[PDB]
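> Can you look at this? It's an experimental structure, sequence on top.
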Amino acid sequence: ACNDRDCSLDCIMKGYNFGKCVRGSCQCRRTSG
């Protein structure tokens, strides 16, 4: 249960930019500039 809604919201709050569920997991990515 990665819950794309509860996974992206919690990740976007930590300070990341975008993420997604993988193999039933929850990973995110961070961007900069």
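Thanks, I have it. Residues are numbered from 1 along each chain as shown.
> Which strand residues bridge residue 29?
residue 18 (DSSP bridges).
> Next, the contact list for it, please.
16, 17, 18, 19 (C-beta atoms under 8 Å, 6 or more residues apart in numbering). Using the backbone N, CA and C atoms, a C-beta is placed for each residue, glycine as well.
> Buried among the residues you listed? Make that a ChimeraX selection.
Of the contacts of residue 29, the buried ones can be selected in ChimeraX as follows, counting by 16 or more other C-beta atoms under 10 Å:
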select :19
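> now the contacts of residue 29 as CSV including distance to residue 7?
Formatted as CSV, the contacts of residue 29 follow (distance: C-beta to C-beta, whole Å):
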residue, distance to residue 7
16, 11
17, 14
18, 11
19, 6
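> Which two among the contacts of residue 29 are spaced furthest apart?
17 and 19 (8.3 Å; C-beta to C-beta).
> roughly how far apart are residue 22 and residue 14?
Residue 22 sits 17 Å away from residue 14, going by C-beta to C-beta, to the nearest Å.
> Tell me the one of the contacts of residue 29 nearest residue 33?
residue 17 (10.4 Å).
> where does that closest one sit relative to residue 1, distance-wise?
From residue 17 to residue 1 the distance is 23 Å (C-beta to C-beta).
> Which residues are in contact with the residue nearest to residue 26 when sequence neighbours are not counted?
Closest residue to residue 26 apart from its sequence neighbours, by C-beta to C-beta, 6 or more residues apart in numbering: residue 7 at 4.1 Å. Residues in contact with residue 7, defined by C-beta under 8 Å, 6+ apart, are 19, 20, 21, 26, 28.
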